[PDB]
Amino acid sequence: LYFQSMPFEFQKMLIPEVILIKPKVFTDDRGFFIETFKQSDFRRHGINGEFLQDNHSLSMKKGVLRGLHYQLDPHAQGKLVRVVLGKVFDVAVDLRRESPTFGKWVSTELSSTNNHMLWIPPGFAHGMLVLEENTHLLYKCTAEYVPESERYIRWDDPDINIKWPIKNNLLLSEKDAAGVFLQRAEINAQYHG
């Protein structure tokens, strides 16, 4: 019972390079149809670069946390993130050296209920906390996977100080559990504007 006239709403977050996208849901007797991406519209609202790789993660239990992740330059991925089933608390962290918002973060709830999408530009790290069982997270990347370039910052880093709605149990990968603290992170991304 939430109505939007236009096919996409684009909303800049407090870190304005991060963009929350609300697509339009067309309901009928069959079910629904959503346009989830449209280059022409996205490019007019600041979202640039060729999407070279799409990924899909299933997280079976509430409390799965993945992040914080980025690829070193020149393999930095811009990401368009959505949840087709379930719900996540989704986080973008500005890790662009010299950025007036370096080490700051914004969050949004991405779910199969809202069908919201988050644009996380290159220069940022991504983290997500699973809030519903069997959560399917899909994202498009502006650069292809380069495992050697992947870096890992721990979820509970105190300088970043993300307010995770951690309810009870936390399921972490070994790489994420072994995430480093921001102060000893390897970062080459540079702020431009």
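When you see a residue number, it is the position in the sequence shown, counting from 1.
When the two stretches 63-71 and 161-169 are set side by side, the higher mean Cα temperature factor goes to 161-169. Mean C-alpha B-factor is higher over 143-151 than over the other stretch, the pair under comparison being 34-42 and 143-151.
When the modelled residues of the chain are ordered by their C-alpha B factor, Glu109 lands in the middle third. In the deposited entry, the Cα temperature factor of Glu132 places it in the highest third of its chain's modelled residues. When the modelled residues of the chain are ordered by their C-alpha B factor, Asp28 lands in the middle third. Ranked by C-alpha B-factor against the other modelled residues of its chain, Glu9 falls in the middle third.
Residue-level temperature factors show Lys87 in the middle third of its chain, judged at the C-alpha atom.
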